[PDB]
Structure formats: C-alpha cells, structure tokens
Ligand SMILES: *[C@@H]1O[C@H](CO)[C@@H](O[C@@H]2O[C@H](CO)[C@@H](O[C@@H]3O[C@H](CO)[C@@H](O)[C@H](O)[C@@H]3O)[C@H](O)[C@H]2NC(C)=O)[C@H](O)[C@H]1NC(C)=O
Ligand SMILES: *[C@@H]1O[C@H](CO)[C@@H](O[C@@H]2O[C@H](CO)[C@@H](O[C@@H]3O[C@H](CO)[C@@H](O)[C@H](O)[C@@H]3O)[C@H](O)[C@H]2NC(C)=O)[C@H](O)[C@H]1NC(C)=O
Ligand SMILES: *[C@@H]1O[C@H](CO)[C@@H](O[C@@H]2O[C@H](CO)[C@@H](O[C@@H]3O[C@H](CO)[C@@H](O)[C@H](O)[C@@H]3O)[C@H](O)[C@H]2NC(C)=O)[C@H](O)[C@H]1NC(C)=O
Ligand SMILES: *[C@@H]1O[C@H](CO)[C@@H](O[C@@H]2O[C@H](CO)[C@@H](O)[C@H](O)[C@H]2NC(C)=O)[C@H](O)[C@H]1NC(C)=O
Ligand SMILES: *[C@@H]1O[C@H](CO)[C@@H](O[C@@H]2O[C@H](CO)[C@@H](O)[C@H](O)[C@H]2NC(C)=O)[C@H](O)[C@H]1NC(C)=O
Ligand SMILES: *[C@@H]1O[C@H](CO)[C@@H](O[C@@H]2O[C@H](CO)[C@@H](O)[C@H](O)[C@H]2NC(C)=O)[C@H](O)[C@H]1NC(C)=O
Ligand SMILES: *[C@@H]1O[C@H](CO)[C@@H](O)[C@H](O)[C@H]1NC(C)=O
Ligand SMILES: *[C@@H]1O[C@H](CO)[C@@H](O)[C@H](O)[C@H]1NC(C)=O
Ligand SMILES: *[C@@H]1O[C@H](CO)[C@@H](O)[C@H](O)[C@H]1NC(C)=O
Ligand SMILES: *[C@@H]1O[C@H](CO)[C@@H](O)[C@H](O)[C@H]1NC(C)=O
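Next comes the structure, spelled out in structure tokens:
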C-alpha cells in the first residue's frame, strides 16, 4: 500500500472488530475496550460503492447484429465476420482485465489511505499529550478515564486540559534534578 | 483526496486567495497578512498542463472510409458495415469515459498532494519552534515579525535563532 | 512525486549505493558509513517485477483476414481495410495509455517506498532525534556503529537513550 | 499513570484473492464477481416477444411451407430457429439466403397483404406432390406457380405492374423455376428458355432458368430459386417474364425496430429477463459475461475470462 | 506573545462538477470540455479541395450525363453529393454501384483520355431523347452506343483490343443495353440476343442482356447496365460483342491519395477547417466529438457522449 | 557529540527517459522496450510446418499446373506465396478466387483422392500446348478435359452421380470451358451451346459457357472458369452436362485447424520461432510490435509506435 499503514506499521487487522472498518482499542485505569470509528469507515465504504456503481452501471443494449456461428464454409465474407467479432472480444477482454486490476490497486490504496488519515487526525488532536509508538498506538501521558477516551473518539478532546499533566510526565529526565513539578 | 489535506484537515479554500493555488495566512504582533506560494502552485499547474496537453493533442487523420449511412435495406454486408462502426464507437466511447474518470481522480489527488507537501515542508522548517494545530495551522511559540514570517515563506528561516525562546514557551508548565 | 520524498525533500540520489535502491548513510564518533535497506528495496523490486510480468505475459492468432491488396475492389476491400485500421488504432491507444499509466505509477510507488522508510526510521527514534527536513535525522546522543546498526535492523531500544537525548535537545 | 490508544482496521478469517497491477493474487476482505458465467438454461418468455420457430425456419414461414401456415402474419422481438426444423415443400434455394433471413428477421413481421395481380393467358395456382396440403397437391402459400394456358398451349410474355401508393416499404418475394429436362421446360412454359425480369424505377434483377438433372429432394430433381424486391413508397414494381415465373401473390409490410433472430435449443419458460443468449436468459447485473458471444437485449459484454473479481474491501491482514 | 501561520488553497465562487472513479459528480475549481458538440453548419473550402456535386452524382458525372458535363476532367479531395441530385439521361443501373462510387471517389479525378477504338461495321454515336443534349437527342459523353450498320441487316461480332502501354492503371467504363421488346432488339442489333464480353489477361466478364419492360423513365422501358474494368500496365483490354454493346470511348486515369466523397446538404463557405462532417466543418482542438460518425480530415474521434469534463483545477471547498 | 543518520535512494550515471501521464519525458534509473521493432529477416521453419510455394500459387498447386506437381498431397501450417510465382497451364479464372484460396489455405491440406467417375460417350484427358506435359500437350492434373467421342463425332448428355459415404466433407474442384469461336465450340462438343450443372441435395450450380476472345495467353484466347462444390457426409454429387465440362477426378479432403497462408519474399531458415511476419520471424517476448500488421502464430500485437519504454526503476535524480 502506498501509505504504509495497512500491512504497514499496523501489524495486522482485528477480527473482533465487527462493527466498523477502522477503530480504536485502548487501555486505561478502568481496563481495555474497543470502538469502531464511523467517519473513516463510511468514507471508505462510500468510495468503494461509488466505484462499484460506476462499473456495474448497465449501459450495453443491442438487438440485431452480425452472425457469429456458421454452418458452412464460405471464405472471404465469413472470414471478415469472424475477424470483426474476434477483434472486438479481445479489446473488451482487455478493457475488462485492465479495469479490475487498476481498480483493485486503487481500492487497496484508498483504504490504506483512510487508515493513515484516521491515525494522523488522532495524533494531531493529541498534540503534546502523547507519543507515536510506531505501531499504530499512541502512548498517552496523563490519566485518561473512559470519558476521556470517548472524547478522543468523538473529536471533542481538549488537549489544554491535560497538557500540564502530560508534559510533566512526558519529559522527565533521570540525570538532571528535574522529575515532576512539586509547586502547588 | 488520498492525502487528507484538501476537503480534509484544511477546512476549506480561500476565495480571496487569487494570486496562487496554495499559500499562507498569518497573524503576528504586526497584524495579519496573506501570501501565495509559487513553487507548489506551479508544480500543480505544470502537472495538469502536462496531461491536458497529452489528452487534447491532435492525433487522428482519416480520409476515405466505409459508408456509415444507407438508403436501402441490403442484408449481410451492410449488417457487417454497421456492426463494425457501432463496435468502434462503443470502444472509443468507453476509452473516453475511462480516460476522463482516471484523470479527474488523479488531478484531485495530486493537488491534494501538493497541498500536503507544502505543509510538511513548512513543518520541517519550524523544527521545535511551532506546533501543528491540526487544521493546517501552526502555532509559533516565539515572536515572529513580518521579516520572520517572510523568512518562513521564502525558505530561509533559521530555527536555532528562535529555539531557546520557543522551547521555553512550549514547555512552560503550571502546578496544581 | 505524490509523496514528495524522491525529487522532493531528499535532494538527490546516491550513485555510490550500488547494492540497494534505498539505504542509510550515517555519521558518528567512529566515522561515516553506508548500508542498503534490503526490505524496502525488495518491496520496490517486487512491485516493479509483478507489473512487468503482467504486461509481458505472452495472444495467438492463425488464419485471419487479408490486409494487403493488389487490386482495386471497392466495397468489401474498403471494409477489410477499415476493420484492420480501426483495430490497430485501438490497440495503439491501449499500448500508449498503458505505459504512461504504469510509468506514472512506478515513479509514485518508488517515491512511496522512500517515504515509508524515512517514516519507519523516525518512529524508531522517538524523542531521541529530530528531522532536519532533508531526509536526515539529527541524533542527540552517542551512537556508535552497533547503535546505528540497531536502527537499521529495527531493534533500537529508544528508552536506553531517552534521558541523554532529551537533555541534549532541550539545552540552552 | 497513563493510557494507550491503539488505531486499527478490521480483518476477516479467510478473505478473497484478487488481481492487481503489481500482484497476481492478493487477499482482500470482500470482492465481487464481474463476469456472468452461468445460465438457468431457459429462455425467459418476458419481456421480449419470443416467437418459437419450432419445426420452421424463418424463411419457410416467409414462403409459406404448409406446416408453417400457423406463422402467417406473426410478429416477434426474437425469432428462435431450432435444430429439428425442416422444409417440407418444393425444393428450393435462395441466392444470398443469409440476407433475406437477416432483413426479414430484423423487420420483425410477416404481415402479408395479397394484391390483385392479373396473369392474363396463363394457368395459375399449380402445385406439387413435394408440397402436399392435406391429401392434395400444394404449394407455398405466398407464391403462385404459373404455366401455359389450360387449353391454348401458349405462354405469353406476362407484363404486369403494381405501384406503391402507400407510405411504407413493400417487400415482394418471388421465384424462378429450374426444370430438369427440356421436355419439362417446354411442357410447362412452351418457350424452350424462360426469363424473369423484376424491376423498380432505379433497380432490376433478371434471371435465366437453369435446366438439368439434380439429386432428388422430396421426389423431385427440379428447383425453385427465391428472390426479393423492396419497393419504396412512390416507386413501381414491374414483372416481365416469358416463362418460369413463380409469381408473388402480394407483399410483406416492412418495419424497423429492435427485432432479430437466434439459433437455440433452450426452452422458453416463465421468468423475466432483459438478456437472451442461445443458452438461455442471463442476468444483466454484472458488466461482463462469458456465456455466449451471441446475445440479444440489455446484455453484459462478452469477455474471454470466466472470472474477474472486483475488490470491495481493504487488504486482509489476519 | 506569539504567531499563527495558516496553510491554505484557493477556492472560487462557482466551480464545475466532473466525474471521477469514485464520484459521479464532484466540484472542482475548473475543467475543460473534451467533446466537440457544435458545428458552424458550413463546409470550409480550405485546406481540402471541395467539389460541390450540386445537381449531380459522382457516377452521373463519371458517365457523362449531360447536365453533369461541367464536371469533365475534374478533381477533388472531397466530392459532396446533395440529395437534390438527379439523373437525366438513359435509365441505368450499376451492379455494385457502391463499389464503383467508392473506387472513383477514392481516385479523386475524372480525368478521361479518349482512345481511337475502331468499331468496324456498326453505326456509332447512338442517342436517345431521354438523354437530350440541348433540344435534341444525345447520350452519356463517355459512352458510345453502337447499333447495326446503316446497311440493312449487319451487326458483326465486334472484336477490339486496347493495350495499356502506360505506367498507370486505366479505368474503363462500359455498358450493356437491355431492350424493352424483341422488335427493338433485332432492330438495333439484328441478332435476337446479344453478348458483351470485356476481359483482361487474368479476368473476364460477360453480360447477357435481358429483353423486357422496366418502369417507364423519361420515355423509356429500356435500361442500360453499367460495368467497369481496371487494366494494369502491361495488360490489355479486349472487347467482344455481337450486340447490345455500350462502348467506352477511352479510359479514366486512376490515382491514389486522400480523396473521398460525402453526402451532405451543407453550404460551402470560405474559411478553414481540417475536419469536415456532413454538418460542416468542426474545430479539432478537442480529442472527441459528438457531431457525426461520418467525418473527413483531421478530426476528433466520434463518441456517444455529448459532454466530457476534464478537471483542470483542484477540488472546490467554499465552507 | 551526536550522530547523523541519512535516508537516501540510489541513482545511476545516465538513465533513460520515459513518458508519464503528466510528463512527456522524465528520467528514471531504468526502463525496458515493449515494442518489437526488428526481424531476423528470415522465416523460421519450426515449430510450424512451413511450405514454400516458390514458383507456385496455392490455387495452381491445387488445380495441378504441371510445374506444381511437386505439391501433390502437401500439407502445411503456413503456406508461403512468393511474388515470383507464375502460371503455366491453361489460362483460367476463379470467380471469387480469394475465397477459394482462403478456404483451401485454411483447410491445411491438398490431399487428393481420385474417384472412379465414368464418362460415357466422351473422350477423356484433353490436353493443350498451353499446358505441356512430357513430349506433348497436357492439362491440370486434378481436372479432366472431356470432349466428343472419337468416332461418331457425338457428345452425350453427361450424367454422373457420386455419393459421399465417408464421415468427412469432400471438396470438389471443377470447371467450365469458354471457347473463343463457334467452330471451336462445335468441333469440341458438337452442341452449339454447352451447359454444366453441378448439384447436391443441398445446392445446385448451372454455368453457361461464353464463346469469344479474351487476350492471348500462352497461345489461347479461350478460357476456363473454376468452380467448387462441398459435399457433406450422406450427401451426393450429381454432375450434368452436355458440353464444356472440365470434370473432376476426385475430391480434396477437408480439415480444420490452425492452417493459413502468407505472402512473403523472406527466405526460409532452420530456426525456432513462434511468430512469423512477411519479414521473417520476430521474437514474442514483448507485448507489442511495429514490424508487420500481418502475422502468423503467438505474436505481439501490432501497434503504430516504434518504441514504448516501460520504466522499471525509480525516478533518477543526479547529483
Ligand atoms: C442422372 O443421374 C441421377 C443419379 O442416378 C438420376 O437420379 C436418379 O433417378 C432415379 C429414378 O428417377 C432415382 O431413384 C429412386 O430411388 C428412391 C429412393 O432413393 C425410390 O423411392 C424411387 O422409387 C427410385 O427407385 C434416384 O434417386 C435419382 N438419383 C438422384 C441422385 O437424384 C437421374 O435420373 C439421371 N438423370 C437422367 C436425366 O437420367
Ligand atoms: C408493360 O406494362 C407497363 C406498365 O403497365 C407498360 O409501361 C407503360 O407504357 C405507357 C405508354 O408509354 C406509359 O405511359 C405514359 O405515362 C407517362 C407518365 O407516367 C406519361 O408521361 C406518358 O405521356 C404516357 O401517358 C407507362 O407509364 C408505362 N408503364 C409502366 C409502369 O412502366 C408497358 O408498355 C407494358 N409493356 C408492353 C411492351 O406492353
Ligand atoms: C479478336 O482480336 C484479337 C486481337 O486483335 C485477336 O487476338 C489475336 O490473335 C493473333 C493470333 O491468334 C495473336 O497474334 C500474335 O502475337 C503474339 C505476340 O503478342 C505472337 O507470339 C504470336 O505468334 C502472334 O503473332 C494476337 O496476339 C491476338 N491478340 C490478342 C491481343 O489477344 C483475335 O484473334 C480476334 N478474334 C478473332 C477470333 O479473330
Ligand atoms: C453456451 O453454449 C455454447 C454452445 O455453443 C457452449 O460452447 C461450446 O463449448 C464447447 C466447450 O466448452 C466448445 O468445444 C464449443 O466450441 C463451444 N461452441 C462455441 C460455438 O463456442 C458453452 O459452453 C455454453 N456456455 C454456458 C455457460 O452455458
Ligand atoms: C449533425 O447532423 C446530423 C444528421 O444530419 C444530426 O443527427 C440526426 O439527429 C436527429 C436528432 O439529433 C436524429 O433523429 C437522426 O437520427 C440523426 N441522424 C443520425 C443517423 O444520427 C445531428 O443532430 C447534427 N449534429 C449537430 C451537432 O448539429
Ligand atoms: C516489413 O515488410 C514490409 C513490407 O515487406 C515493410 O513495409 C513497407 O514499408 C515501406 C516503408 O514505409 C512502405 O512505404 C510500404 O508501404 C510498406 N508496406 C506496407 C503495406 O505497409 C516493412 O518496412 C518491413 N519491416 C521491416 C522492419 O523491415
Ligand atoms: C394477414 O394479415 C393481413 C394484414 O392486414 C390481413 O389482410 C390478412 O387477412 C391476414 N391473415 C391472417 C391474419 O392470417
Ligand atoms: C481553466 O483551465 C483551463 C485549462 O487548465 C485554462 O485554460 C483556464 O485559464 C482556466 N480558467 C481559469 C478560470 O483560470
Ligand atoms: C495422397 O494420399 C492418398 C491417401 O491414401 C492416396 O490415395 C493418394 O495416392 C496420394 N496422392 C498421390 C499424389 O498419389
Ligand atoms: C533495468 O530494468 C530491467 C527490468 O526491470 C532489468 O532487467 C535490468 O536488470 C535493469 N537494468 C539495470 C541497469 O539494472
């Protein structure tokens, strides 16, 4: 995939995830949980559908045509009839095969792309409160009960609320005299 | 778009931006400004012209051909003449339909791409002195005057000059 | 390129790298080196090769229509010539469109594999490095050769160096 | 102290392999098949008007072979010709048979309007044992076999004319009789050599009968050759002949439309389907099909592949 | 005390919908039309040589139908036939008319060379009042109607030869006369039924005339049937008739090139277009056109779509 | 005291230009050619059975022109007709020559089975100095010129029948003789007018000879016209004539398969090659070719471009 998230830094999919194409697993003080993300899931589905409906839109209607089977040998004129029809099937077989190979290449990349888009969105929303662990997971540097997680999934998460707590946990250096702040 | 910036984290386009395809808006101690970016605007344009010039390039001279209309019913040979021309038109019709659809998809995606590239390009300049606000905007944590905004726009900006100031603002931290 | 790595924030390529399509050049205490990343190289080459095998995959035709004529005949010869000329134009179009599409996609997937390796590296480095904006990472701690190697085979434990690096980054 | 948030995508246990530009087979979560590769083996009697030839070819229905009389005036969207069709009238051929069959099939009608030809001086309505009609002798319903006058022993130049003052095209089917011996030729037509010229203002056909021995076909060595003439509105038919004329009795109305003809052995049964193949109706929800290159109606296009999977989901990584 | 730098892209007040792989309609900032769907309605006389048939068909101009005499030795890139054209000579037919029309149209010239055929023993330059040249009887200019000698009963077996000693192909047009009655047959040609055999070294045609009535046209019940023979260099024509021969007076010069013929009722005009349709010239800056499947020149390709919009700008997002 | 780790990609000293959707020419490290534009100049004799006609056409090999007797019972995948081929027997034509040449070429065989036709009342094995065999006159090997009986000067109504009791289709080749004078007609066949009628249960052909002069070929103004009839299993051939019959001696076996014919002046060579063009074999490791639109075998598809470059490396951006 072009974007490197599905079969990329995401190690593998979730078979337990059965109500969405993309989502969030987490761990916090109240344990683990899972939720599909509807927006990115629908975005993929709408595009695939759009594509699906382009390709299967009924366009072809023909009635009286040339003969394509013959019961006697005639030479020149029958040669050309067979030639004409053989030439057409080949062109259409080629369009056919090219279409699905191209389309599938693209379906894979746009679904890889959605995953990637969801990951960057979540990252951008976290700001300085988390770090990209490099495998599709963010490590969140403050206390984040279930209400909190839900605020990141629904996009209401206010980073400012936690920035002080986060930065404080995040950049502690063992060798200097700066662990946590102890001012009240 | 596959890259998530246009109709993506950039909420919308600027109709007042009329001197370029991509560019910057800013606010600093001296008020606000807008400026278009040339490299990305031309990179997009050059790509689109390249393909428009390919597509519309004249490539079809035909002179004597088969008849395509008839004024008497004839049977076999005329059946073949109509079938041949109708087969042809259908294949060229498919080609043309597909052509435009593939191109329009790519066009939308490269322009999305050029926009994303300019953003990443600007992110890398700023190093640790600013933060991606998640909507195509950077909060810059030092005092950056017009000369300074202009140095980010023309690509000469020196982050070390502003780093100690910006780092100190980014990481200031309140107790409970 | 769509991804902006090749002919993008990487300014040029390395003629000296003759054993990979992608790789690392490093500088540290111990000197300078260079290695190819075999995985991203193999991913590129695998995708080019599949694309090639599909295209150069072997039609067979035998008795056909005549295509050159030694006598003026009119209506039936007209049609025969038209059939063949129409055919040739249609395949000619296919051929042309095919390579243009493929070449466009080759350039972009190789740009893509470059970008993916640069990002894989950045994620390993966590808070211990900064992206200089030209495809280089400034590493803020003492990284000898076995350290550089650990990055290149993806076993670099970033916690080992975080303390050192963090204190070097946040300096004056 | 902290939390971890993990972004992910779904997967299924075992998905489908598809082709791409760079991979021959790669696994995705769902795919859909784009080639119709099968049929029920029945031709749907709806929505097209199917007309089953059964024992009759279209041409035998046109000419009027007695066992085809039930087809008089029929109309069809599709005429279906069967393997077991047979001719049972006077042995005949049709120069350019494929064209008459084509143009009649495409017209979609056998509406026949008989006209008052006057054949002065000859005997009409001849019949053969090769074409029986009940226990009697007979002939193609639409043709009029003419011979020397009953008691004069004379055959004149017949010279009749018939104008088209209608607003449609008229189709005339006529014939020429080829005897086996000179005794037969002069016995039927008096003149040692016949002639048949059928013409309009701008076009003409003139035919010379062939005399000779031929293998028996239904007890006879003699033959009829079938010809046709289209007469547009405003034009005129003229028939001229001094022997061997198999006379037209009138014209077929001609139409333009979606009508055609198809060879097939598939039965016709209750269902609705826009697309017909010799192998039975097929669904047209897919863009392509591999059943038969011969089709009729709203049809998927014929490709050589028997399968083409279109991916409808992301790459599958379990 | 700080600053904000915002990245962004332009938008316009009103964008164009276009089709994509994924979307039936999506708004971009700009697009361009790839299908030509309009014509000025006139055929441009440049740069292709246009000959307007007017009252005449090519075949009638080829044969020498008198009101088509103005087309003698003419040349064209495109011959234009009007539906108002009409025949005004001896009633005739051309077996495979379409092929004669095509091969001549494709040759691009009615250049005719008379040759000194000798018709020993017959009256030449026959004429009819169905084919008037001015007030009086006449015939096609390029054909020569031979009848019995002006002595009572003689029509010999005509037997003549004409060699192609040139380095181009020669096109001979000739004919067979079909009288309307037996009296007519023997009165023109003496013999009860005639014959015409025209042949070269590797080909032959013989046509037997048929006596009988055809519908009345310009006073006649008779017909002439037109035939042709191409003689290659080195080959030699032979004409062998014992009646009913409508003779050639020479040959047409054959050529190869871009020449054709088109049925149109569109006025010629003084302008330029490379592409011609029965509808007039159309511009060829677009790769496709929806005007007519019949074209001539450097033309956009015919497609069944009347519009195809090619996005030439980014996606359009105004809020 | 830190470290730099750089990410990069390779480059080559001089790479190759390719086309893309957006760029006419853009440099990549490496491409490959998809259009075959060269031939070895010679036709490879494996894996297809090539048969060189040399001086002979297929129709002459079929009929049995004496200088073609070598080709009796020959078979081929590809029959090769040389431009230098010539006829040397009775001057003849085939109406619809191209179709007979097509269906025989496509049958792949000239296997002949002589049959025991009985020609009662007529002299057989007519010959001509236009076709010379051994010390005297001669004729086409597979045809049988019938003339009047030697004493009595009498030519009967010929009536033979011949049933097909095999399970294959038989091809019969027969013909009609067109004399140049009545005197010649009657001295050969007695009857002033001849007639040939060949029929099966499915079909019938009656041909009437035409008396008169065609151009001199090898001494003759006379001509023979060739016709053919296919007789299916369970069917029967009836031949009925009272003059001018060029009778058959048997039938050609008919087959279906991959057989064809090609016109070429390429020498034949001992080599292996799946693809043949008039120019010689071309390799088929590319999908397209610019060599000839005429091909036989497993062949690249003909296109108009003489080169198409397929990039197989990254974009090349030198230092
Ligand atoms: C020319 O030769 C052909 C072939 O011999 C002759 O045709 C033959 O004529 C006889 C009698 O007219 C036919 O015979 C019969 O067989 C059927 C069963 O098939 C039977 O029902 C009859 O009672 C009778 O026995 C024979 O079929 C027929 N052959 C063909 C091929 O038609 C022909 O008569 C000869 N022509 C002349 C003018 O002599
Ligand atoms: C065979 O029958 C045809 C038709 O019945 C006869 O043709 C007819 O001959 C007459 C006498 O010349 C033609 O008549 C005239 O009508 C035109 C207008 O159409 C008018 O301008 C003349 O002044 C005259 O009144 C008639 O049109 C022509 N009919 C047809 C259909 O061709 C023909 O004469 C008969 N043949 C013989 C030899 O008996
Ligand atoms: C009808 O006219 C043609 C042409 O005038 C006559 O054909 C001619 O017959 C003479 C002798 O048969 C041929 O003469 C010779 O010339 C060749 C060289 O070309 C030479 O090899 C011979 O020794 C002889 O001198 C002449 O070529 C031939 N003409 C053509 C063009 O075919 C024909 O005889 C006339 N018809 C009748 C039956 O009189
Ligand atoms: C549809 O009917 C055609 C009958 O014509 C079937 O095709 C024949 O298939 C066999 C082997 O599969 C071939 O050997 C014949 O050459 C075919 N005939 C022709 C003319 O192609 C076909 O299998 C049927 N298909 C389906 C799906 O029913
Ligand atoms: C170009 O000319 C043609 C023919 O003169 C026009 O096409 C006819 O269009 C009507 C309705 O558009 C149909 O009823 C006829 O069937 C057409 N003829 C055929 C066979 O297609 C056409 O519309 C003109 N186009 C332009 C651009 O003016
Ligand atoms: C293959 O052979 C053909 C003829 O044998 C060559 O084509 C001819 O090429 C010349 C050069 O343009 C033309 O003027 C002729 O019109 C050609 N014939 C046709 C019908 O196109 C061709 O050049 C040969 N190929 C090679 C590679 O030698
Ligand atoms: C055949 O149709 C014609 C059409 O009007 C009619 O005159 C005639 O009586 C019909 N006979 C039938 C319906 O069999
Ligand atoms: C629209 O695009 C076309 C081609 O890209 C260009 O000619 C034109 O100038 C553009 N129009 C505008 C509004 O810029
Ligand atoms: C051709 O082969 C057949 C097969 O038996 C044989 O009858 C005949 O003798 C052979 N032909 C020749 C030229 O002898
Ligand atoms: C160029 O590419 C082709 C196919 O990718 C390959 O066969 C060849 O080895 C490459 N050449 C170089 C210079 O590596």
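Chains as they are written, first to last, in PDB author numbering: chain D, 1 to 184; chain F, 1 to 176; chain B, 1 to 58, 60 to 173; chain C, 9 to 157, 157A to 157B, 158 to 324; chain E, 9 to 157, 157A to 157B, 158 to 325; chain A, 9 to 157, 157A to 157B, 158 to 325. A virtual CB, placed ideally from N, CA and C, is assigned to each residue, including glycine.
- For residue 104(C), there is no enclosing beta strand (DSSP E), since its DSSP letter is neither H nor E.
- No Cβ of chain A is located within less than 8 angstroms of the beta carbon of residue 58(F).
- Of all alpha-carbon atoms in 260(E), 95(E), 51(E), 299(E), the one lying nearest the alpha-carbon of residue 235(E) is that of 260(E).
- Only residues of its own chain outside the window of five on either side were considered, and among them none has a CB closer than 7 angstroms to the CB of residue 42(F).
- C-alpha of residue 160(D) to C-alpha of residue 36(C): approximately 41 angstroms in a straight line.
- Across the segment 113-140 of chain C, CB contacts with chain D closer than 8 angstroms involve 113, 114, in sequence order along the chain.
- Taking a beta-carbon distance threshold of 8 angstroms, residue 51(F) counts as an interface residue toward chain A.
- For the pair residue 286(A) and residue 85(B), the Cα-to-Cα distance works out to about 21 angstroms.
- DSSP, reduced to helix, strand and coil, places residue 95(D) within a helical segment of the structure shown.
- Annotation for residue 44(D): the continuous alpha helix (DSSP H) segment containing it runs 38-55.
- At a cut-off of 8 angstroms between C-beta atoms, residue 216(C) counts as an interface residue with respect to chain A.
- Within the same chain, and ignoring the five residues on either side of residue 19(B) in sequence, the residues whose Cβ sits closer than 6 angstroms to its Cβ are 36.
- With fewer than 16 other Cβ atoms inside 10 Å of its own Cβ, residue 78(A) counts as exposed.
- Residue nearest to residue 56(C) within the set 300(C), 264(C), 295(C) is 264(C) (criterion: CA-CA distance).
- Its chain contains 283, 284, 285 as the residues whose beta carbon lies nearer than 6 angstroms to that of residue 298(C), once the 5 sequence neighbours on both sides are disregarded; these appear in chain order.
- In the structure shown, residue 259(C) falls within a strand segment according to DSSP collapsed to helix, strand and coil.
- Here the alpha carbon of residue 241(E) sits roughly 9 angstroms from the alpha carbon of residue 168(E).
- Proximity to residue 138(D) across 106(D), 122(D), 168(D) peaks at 122(D), based on C-alpha coordinates.
- Against chain B, a Cβ distance below 7 angstroms from residue 30(C) picks out 47, 50, 51.
- With fewer than 16 neighbouring CB atoms inside 10 Å of its own CB, residue 72(D) falls in the exposed class.
- Under the three-state reduction of DSSP, residue 133(D) is assigned to coil, being neither helix nor strand.
- A distance filter of 7 angstroms between CB atoms and the heavy atoms of ligand 6 selects the following residues in sequence order: 69(B), 45(A), 46(A), 47(A), 283(A), 284(A), 285(A), 297(A), 298(A).
- Annotation for residue 251(A): the continuous beta strand (DSSP E) segment containing it runs 251-254.
- Not one heavy atom of ligand 3 lies closer than 7 angstroms to the C-beta of residue 88(A).
- Boundaries of the alpha helix (DSSP H) harbouring residue 194(C): 188-195, taken from the DSSP string.
- In the three-state scheme derived from DSSP, where H, G and I count as helix and E and B as strand, residue 64(C) is classed as coil.
- Under DSSP, the beta-bridge partners assigned to residue 169(E) are 242(E).
- Its Cα nearest to that of residue 163(A), the residue 201(A) stands out among 207(A), 177(A), 201(A), 135(A).
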